[PDB]
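Have a look at the structure below before the remarks.
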Amino acid sequence: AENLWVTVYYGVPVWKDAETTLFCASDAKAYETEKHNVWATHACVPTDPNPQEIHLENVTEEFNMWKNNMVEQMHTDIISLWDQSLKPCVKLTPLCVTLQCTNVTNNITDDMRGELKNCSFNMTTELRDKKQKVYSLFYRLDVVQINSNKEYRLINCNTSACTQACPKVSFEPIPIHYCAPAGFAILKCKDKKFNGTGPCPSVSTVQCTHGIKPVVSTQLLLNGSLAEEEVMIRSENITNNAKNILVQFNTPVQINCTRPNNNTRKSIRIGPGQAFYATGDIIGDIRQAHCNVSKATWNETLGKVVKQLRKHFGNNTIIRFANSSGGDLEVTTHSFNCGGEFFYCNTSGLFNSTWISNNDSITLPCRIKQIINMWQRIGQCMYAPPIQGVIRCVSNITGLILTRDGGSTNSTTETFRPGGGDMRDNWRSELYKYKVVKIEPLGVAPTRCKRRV
Amino acid sequence: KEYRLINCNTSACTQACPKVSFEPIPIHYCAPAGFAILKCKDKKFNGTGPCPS
Amino acid sequence: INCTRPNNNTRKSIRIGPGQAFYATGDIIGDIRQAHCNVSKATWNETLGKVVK
Amino acid sequence: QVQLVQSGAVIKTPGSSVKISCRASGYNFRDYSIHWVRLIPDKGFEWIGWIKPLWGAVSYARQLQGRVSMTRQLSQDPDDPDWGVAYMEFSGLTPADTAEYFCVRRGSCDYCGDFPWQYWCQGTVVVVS
Amino acid sequence: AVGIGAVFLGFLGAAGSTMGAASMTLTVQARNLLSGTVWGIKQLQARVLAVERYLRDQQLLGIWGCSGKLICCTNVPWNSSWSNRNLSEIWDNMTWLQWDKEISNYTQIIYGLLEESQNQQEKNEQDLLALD
Amino acid sequence: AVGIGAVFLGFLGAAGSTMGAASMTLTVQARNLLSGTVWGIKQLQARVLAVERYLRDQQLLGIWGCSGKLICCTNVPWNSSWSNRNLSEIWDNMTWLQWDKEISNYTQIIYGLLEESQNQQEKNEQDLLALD
Amino acid sequence: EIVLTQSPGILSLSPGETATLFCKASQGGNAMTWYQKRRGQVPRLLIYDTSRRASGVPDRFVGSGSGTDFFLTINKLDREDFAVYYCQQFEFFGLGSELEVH
Amino acid sequence: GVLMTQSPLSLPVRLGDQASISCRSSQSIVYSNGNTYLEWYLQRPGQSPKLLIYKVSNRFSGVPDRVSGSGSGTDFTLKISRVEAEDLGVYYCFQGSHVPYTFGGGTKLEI
Ligand SMILES: *[C@@H]1O[C@H](CO)[C@@H](O[C@@H]2O[C@H](CO)[C@@H](O[C@@H]3O[C@H](CO[C@H]4O[C@H](CO)[C@@H](O)[C@H](O)[C@@H]4O)[C@@H](O)[C@H](O[C@H]4O[C@H](CO)[C@@H](O)[C@H](O)[C@@H]4O)[C@@H]3O)[C@H](O)[C@H]2NC(C)=O)[C@H](O)[C@H]1NC(C)=O
Ligand SMILES: *[C@@H]1O[C@H](CO)[C@@H](O[C@@H]2O[C@H](CO)[C@@H](O[C@@H]3O[C@H](CO)[C@@H](O)[C@H](O[C@H]4O[C@H](CO)[C@@H](O)[C@H](O)[C@@H]4O)[C@@H]3O)[C@H](O)[C@H]2NC(C)=O)[C@H](O)[C@H]1NC(C)=O
Ligand SMILES: *[C@@H]1O[C@H](CO)[C@@H](O[C@@H]2O[C@H](CO)[C@@H](O[C@@H]3O[C@H](CO)[C@@H](O)[C@H](O)[C@@H]3O)[C@H](O)[C@H]2NC(C)=O)[C@H](O)[C@H]1NC(C)=O
Ligand SMILES: *[C@@H]1O[C@H](CO)[C@@H](O[C@@H]2O[C@H](CO)[C@@H](O[C@@H]3O[C@H](CO)[C@@H](O)[C@H](O)[C@@H]3O)[C@H](O)[C@H]2NC(C)=O)[C@H](O)[C@H]1NC(C)=O
Ligand SMILES: *[C@@H]1O[C@H](CO)[C@@H](O[C@@H]2O[C@H](CO)[C@@H](O)[C@H](O)[C@H]2NC(C)=O)[C@H](O)[C@H]1NC(C)=O
Ligand SMILES: *[C@@H]1O[C@H](CO)[C@@H](O[C@@H]2O[C@H](CO)[C@@H](O)[C@H](O)[C@H]2NC(C)=O)[C@H](O)[C@H]1NC(C)=O
Ligand SMILES: *[C@@H]1O[C@H](CO)[C@@H](O[C@@H]2O[C@H](CO)[C@@H](O)[C@H](O)[C@H]2NC(C)=O)[C@H](O)[C@H]1NC(C)=O
Ligand SMILES: *[C@@H]1O[C@H](CO)[C@@H](O[C@@H]2O[C@H](CO)[C@@H](O)[C@H](O)[C@H]2NC(C)=O)[C@H](O)[C@H]1NC(C)=O
Ligand SMILES: *[C@@H]1O[C@H](CO)[C@@H](O[C@@H]2O[C@H](CO)[C@@H](O)[C@H](O)[C@H]2NC(C)=O)[C@H](O)[C@H]1NC(C)=O
Ligand SMILES: *[C@@H]1O[C@H](CO)[C@@H](O[C@@H]2O[C@H](CO)[C@@H](O)[C@H](O)[C@H]2NC(C)=O)[C@H](O)[C@H]1NC(C)=O
Ligand SMILES: *[C@@H]1O[C@H](CO)[C@@H](O[C@@H]2O[C@H](CO)[C@@H](O)[C@H](O)[C@H]2NC(C)=O)[C@H](O)[C@H]1NC(C)=O
Ligand SMILES: *[C@@H]1O[C@H](CO)[C@@H](O[C@@H]2O[C@H](CO)[C@@H](O)[C@H](O)[C@H]2NC(C)=O)[C@H](O)[C@H]1NC(C)=O
Ligand SMILES: *[C@@H]1O[C@H](CO)[C@@H](O[C@@H]2O[C@H](CO)[C@@H](O)[C@H](O)[C@H]2NC(C)=O)[C@H](O)[C@H]1NC(C)=O
Ligand SMILES: *[C@@H]1O[C@H](CO)[C@@H](O)[C@H](O)[C@H]1NC(C)=O
Ligand SMILES: *[C@@H]1O[C@H](CO)[C@@H](O)[C@H](O)[C@H]1NC(C)=O
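In structure tokens, the structure reads:
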């Protein structure tokens, strides 16, 4: 009776916390169009479907979004994949050359400036002895003045030769389902009210995560995952200011964005099999690209998020907003890709408010760069191919990324500002529900049986 | 009467190295461990339908 | 064994193209001298005396 | 090693603008924040602001806005990527602004927080006529 | 619907209960432990890490008495200096997550004792067959 | 210091002695037999060659009578045409390296006989349970 | 906002006499650090976040505390160990203490 | 939760006409083998609520040839071809994906 022996049980449900690599798995609709249509047509497997998302009881694991892994390796994976869709494409060594630019044919004022420059320049042919003369159009943010005449050059041609993206491939988002291999498990906090930190009371295991699309956006993350019922804010430590504040609200705000200009692409042969898609002529009215949001829904959602912000900050507090304080281009404004072309669209018009302790729309003008320098790499650029026609796209604004000014000296106003910074804070808004655990079977337990001879 | 090569408007060309040859060689395919390869040893057999040996 | 070059160099970057840097030798400041090495006389005369034995 | 070299001390007339360049070397400059802090005599320390050089995202203290500006400059070469320069421009001078200024970096350990500094520039004396 | 009883039979679904769920679920976690151009290298090394992990556990059972029984039993008496607990309370109250921490202070004491007991018993069995 | 007796229990420490050292050390050599950008490919194929080699040996014990006992015993009589030696002189005068060469002129006669004896024993055992 | 107050403030002890400073926060839930500024030299963090001392720091400085109440115990001090001490919450700075050689 | 959003809620429906009661879920209700398990609930006042259909399009034995389900992913609409007085009262959606399941908000058929 009290002569207890021991038995080792194999396969015991128990785990620890660990860090492993994962494995992407995308749906077959990206495999309908084939042969390097977009990325993850050869990098991810087609999905084993319908994951075994079952429930679990009487259980509590502490979570963390901040020192969580699988967000680090995703920020490695997306960059590492992003490089692999460029090496089959053209390099622009023969194009960093003296330009002869002039203004586009347009009624120009003396003060306000056109954003298009009609530039002619020498170029090689397919042959080597002969050479050709050709012209294209460029925005104000890709030429600088080298120093009568007024000759320019491209901006990145003193640091890195540029890679044209192939116009065959596209940059549209696609769902990625991460999966854990055999010998691991992925938990999911199914609780409603959970600020991403501290113990979740109702976890549930899963085989593979649900749809996680990748977007690129600094302020005002787009097409995101909606909050469940309320409006939630999340942070690491709110009285610290050096960490951002993730706001995930409930109802999406529809945003329309467009370029009303009608373009033309113009193929220029550089050498054997080298095709440079420049911008041709502009048919119609030279007009400025812009975006619209709805007035009343935005004024409503700010009234929601102020009601949610006042919990952590005292009830009687004046709360205001401001434009971003400065820096480089794509952290003051907000950036996004809309059908294969990048915008940089001013957001002074959304954050001009103050909030007391008691048919129209908002237009906001954009700019269009053609070369990008995403993730701020030392040897990288990407000339975007100019796309045809009048362009527009419709999206859902889902959350914000904010930053408190942490000033000293007796503040009653707590002014807030948008800010992009790292790209990883976009990602942490999507993987806050999960963690990854490692199964360790072969437990051990005292009981009452004796093994015979 | 000046010419050009035929493929220069489509693709730059690769000279083969004169060291390597293109002569045929026997290749024996093999199945890995956990499979098998059957061979119809019949004489009069049109390649379609069941082989009896 | 001590080994040295007593000359004093300067490197000079030459941009060949985009992202290219040929680090050439700039000017030589001081006395144009020859690189050389020193070893000790007695230790070498000893260590040959060991290996002959 | 981690080295932070500032510029030299300077006499400035009242109402001018002063530039102070903190140059960092010995680490990957694109990763860590650069904070600016001041020591006024007989006041204790006083925080000024911070910058992240990856995109130049800045943030200021409250009681100095409209007067301070921060820029940065990276190293763009595959040979020597380590060194970085952070410029502070400080305008609207008063004779109370005579103090000594410091550029600092976050402590390098992973468990170290965001504010506790490890490395310090040698300090720059600013004196107003 | 699928009902409540399916998640009792689901993978890791038994983990919230006491031992009584673990007395019937042990085939499932044993089952799902095994079955799983630059990317293929990383998934290949993930797969071989998985099976190299599994075969260590089958080896570590092989050097004990339990070959593949999945519920073995052995012949070391339980020293009450570790547990200091009653019988049914660790068979009706504690969960296996809760059971993990109380035996996490000390490990390979038990495993060394099991190796010593099996290494002794095989020698005594060879001595039993030696006069046979 | 660490002493002399520690290397008796080290990896391959019993190789220099007779069988009496190797009669107890057998868990250690069994243990260390398993646990271990183009360089990743070469070490990956080394790792899978290692575990394939291990699993061939577990298979070759599986087709014999002893699954995971690690001290087998079986039922072919020792033909004295090979040994021609007294009993304890191959238990106290020889080493396993010395035992290797005296059974290296002939091999797989024994491995041929063990498969046949185990298959015959399984046949007679199937008949014994078939009448049962 | 958050107010910091060192204690006792200006102290006066001979070399060899071990001591302890104590600086009080206005409200809790946070964890302070400390600084050691010599005569006209570069300030120097000697202990971060509660009890973790930095690089190049001897273990004779031991800091502790909880609530709104944080201690810094200095033991086996030198005439060169003493300088002016500060304590920091996130960006806020106390006015400092000083331990005069008697 | 995976709570169901019902549209429309109150339907005064005349006798003989059609009726459409849709639900929209937060996630897909795709059970992990492919076969979703939806349920539509009858309810009269004074009665225990009972089943019409237990799938997207597979009904209870005893329900007449007038009630049908349709939809895919999140949008799932019930369709009654001819509405009688037996059909009046509160209707519901239901899940088969994973516990805890969510009943809806109730969709009342009236006259
Ligand atoms: C947030 O989420 C929304 C919802 O998905 C995104 O909106 C989609 O954006 C993509 C691209 O950004 C759109 O895809 C493009 O649609 C163009 C219009 O074609 C549609 O309409 C015609 C006419 O009815 C249909 O026949 C056709 O099937 C499409 O449904 C296409 O012209 C585009 O194709 C171009 O690129 C391909 C590349 O292979 C070329 O081969 C073509 O010749 C052509 O040049 C492209 O397919 C999509 O339509 C948008 N959805 C909606 C509902 O409008 C937002 O973009 C997203 N926001 C962010 C920031 O990502
Ligand atoms: C901002 O807020 C976050 C959370 O709101 C806070 O993160 C937490 O900080 C503590 C440090 O105070 C981290 O460390 C842990 O602390 C617990 C007790 O809370 C202990 O189990 C551990 O530390 C103990 O052991 C040490 C050994 O020497 C002792 O010296 C120490 O005093 C403790 O007794 C453990 O390390 C904790 O991990 C985080 N939380 C998370 C989720 O990461 C953060 O510190 C706040 N920022 C600032 C600047 O205060
Ligand atoms: C950008 O600048 C170039 C300058 O090289 C412009 O190209 C030239 O534009 C002029 C008029 O815009 C063209 O002249 C016209 O030619 C037609 C046909 O020969 C003739 O009928 C007209 O009377 C007039 O002479 C000229 O052909 C054209 N040259 C080339 C090589 O294209 C270009 O139009 C400018 N583009 C923009 C958008 O401003
Ligand atoms: C936040 O709001 C302020 C207030 O408008 C913005 O500051 C304004 O910035 C613009 C451009 O930076 C200033 O325009 C001026 O343009 C002339 C054109 O040559 C130039 O020479 C001047 O040096 C200056 O750049 C404008 O004066 C300035 N307003 C004030 C009151 O100083 C700020 O840009 C807004 N923030 C963002 C992120 O947009
Ligand atoms: C072409 O563009 C240039 C540069 O934009 C114009 O030159 C000056 O432009 C600035 C602002 O764009 C004006 O304030 C100056 O008055 C312009 N100088 C002169 C002499 O015009 C130029 O005017 C544009 N148009 C032409 C026909 O060259
Ligand atoms: C393209 O190449 C032509 C051919 O050299 C350039 O024309 C010469 O330009 C220089 C400087 O402007 C003059 O000194 C020569 O007299 C020009 N040659 C002739 C035959 O007139 C031309 O400048 C280059 N660039 C463009 C934009 O056409
Ligand atoms: C997120 O919520 C959790 C719990 O709901 C908070 O964790 C506790 O918060 C209280 C009050 O702030 C502290 O007294 C406890 O010590 C916290 N628990 C732990 C383990 O530290 C957490 O503060 C919330 N975070 C945010 C940013 O709101
Ligand atoms: C943008 O410009 C192109 C220029 O080609 C327009 O395409 C022409 O459209 C008209 C009317 O549909 C057709 O008759 C022509 O045959 C088209 N041209 C070609 C080359 O196909 C296009 O319609 C314009 N789009 C907008 C929105 O203005
Ligand atoms: C963004 O653009 C879309 C274009 O489809 C707008 O949707 C339609 O807008 C018209 C306005 O003339 C309405 O009459 C339609 O009913 C809308 N369609 C739908 C399905 O609602 C959308 O309203 C625009 N949003 C904003 C804020 O301007
Ligand atoms: C973003 O929008 C704001 C508001 O439209 C711009 O601020 C205006 O800038 C002009 C200078 O071009 C001034 O004359 C106006 O007085 C400014 N408006 C206000 C309300 O102060 C701002 O310039 C835009 N951002 C950028 C980068 O141009
Ligand atoms: C933005 O969010 C809205 C939220 O309603 C989405 O609208 C619904 O999306 C589902 C999913 O395909 C459709 O079945 C519904 O018909 C949509 N309802 C309405 C009223 O449009 C919308 O799809 C999201 N995306 C965009 C680009 O607007
Ligand atoms: C080799 O030449 C360099 C030339 O710069 C010498 O560096 C200078 O050394 C003097 C002596 O202290 C300094 O005053 C200068 O400031 C240095 N120049 C620079 C640019 O830093 C170097 O000393 C010479 N080597 C030797 C051994 O004398
Ligand atoms: C090689 O160079 C080293 C440089 O340190 C010499 O070491 C020192 O040389 C000086 C000669 O002026 C001696 O006085 C020191 O005592 C040496 N240091 C030590 C630690 O012995 C070394 O002697 C040189 N070797 C030869 C063979 O010249
Ligand atoms: C490239 O040119 C721009 C414009 O003159 C200049 O600001 C930048 O410093 C240059 N880059 C380098 C690496 O010199
Ligand atoms: C290349 O040149 C030949 C000869 O003129 C021509 O037939 C062919 O169409 C050209 N290729 C292309 C892609 O135009």
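Protein chains in written order, with the deposited numbering: chain c, 31 to 141, 150 to 185, 187 to 309, 312 to 321, 321A, 322 to 398, 411 to 505; chain 2, 189 to 241; chain C, 294 to 309, 312 to 321, 321A, 322 to 347; chain q, 1 to 129; chain d, 512 to 547, 569 to 664; chain D, 512 to 547, 569 to 664; chain r, 1 to 27, 29 to 91, 96 to 107; chain l, 1 to 111.
No residue lacks a Cβ here, since even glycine has one placed at the ideal position from N, Cα and C.
Inter-residue spacing [alpha-carbon to alpha-carbon] between residue i and residue j
i	j	result
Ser546 (chain d)	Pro493 (chain c)	15 angstroms
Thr627 (chain D)	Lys633 (chain D)	10 angstroms
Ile307 (chain c)	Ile272 (chain c)	51 angstroms
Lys231 (chain c)	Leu452 (chain c)	20 angstroms
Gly495 (chain c)	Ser636 (chain d)	11 angstroms
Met530 (chain d)	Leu619 (chain d)	12 angstroms
Residue span of the beta strand (DSSP E) that contains residue i, given as start and end
i	result
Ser10 (chain l)	10-12
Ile449 (chain c)	443-456
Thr5 (chain l)	5-7
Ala541 (chain d)	Looking at the DSSP string, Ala541 (chain d) is not in any beta strand (DSSP E); the run it does join, the alpha helix (DSSP H), is 537-543.
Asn478 (chain c)	It is not in any beta strand (DSSP E) - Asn478 (chain c) instead sits in the alpha helix (DSSP H) that spans 476-480.
Integer Cβ distance of residue i from residue j, believed to fall under 8 angstroms
i	j	result
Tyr40 (chain c)	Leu593 (chain d)	7 angstroms
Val488 (chain c)	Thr50 (chain c)	6 angstroms
Residue i, enclosing alpha helix (DSSP H) - first and last residue
i	result
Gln348 (chain c)	335-349
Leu592 (chain D)	571-594
Chain-ordered neighbours of residue i on chain d, where CB pairs are closer than 9 angstroms
i	result
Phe93 (chain c)	In chain order: nothing, as chain d lies at least about 15 angstroms away.
Nonlocal neighbours in the same chain, by C-beta distance under 8 angstroms from residue i, ignoring five residues either side
i	result
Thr34 (chain r)	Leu46, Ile48, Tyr49, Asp50, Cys88, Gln89
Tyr586 (chain d)	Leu544, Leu545
Cβ shell of residue i (< 7 angstroms), same chain only, five flanking positions each side left out
i	result
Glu190 (chain c)	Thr128, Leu129, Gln130
Per-residue contacts from residue i into chain q (C-beta, under 7 angstroms)
i	result
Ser365 (chain c)	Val58, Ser59, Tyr60
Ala25 (chain r)	Within 7 angstroms Cβ-Cβ: nothing; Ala25 (chain r) doesn't reach chain q, min ~15 angstroms.
Within chain c, the residues that residue i reaches when beta carbons sit closer than 9 angstroms
i	result
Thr198 (chain 2)	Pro313, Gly314
Contacting residues, own chain, Cβ-Cβ under 6 angstroms from residue i (five flanking each side not counted)
i	result
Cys239 (chain c)	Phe93, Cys228, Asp230, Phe233
Neighbour list for residue i in chain d, Cβ cutoff strictly below 7 angstroms
i	result
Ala73 (chain c)	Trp571
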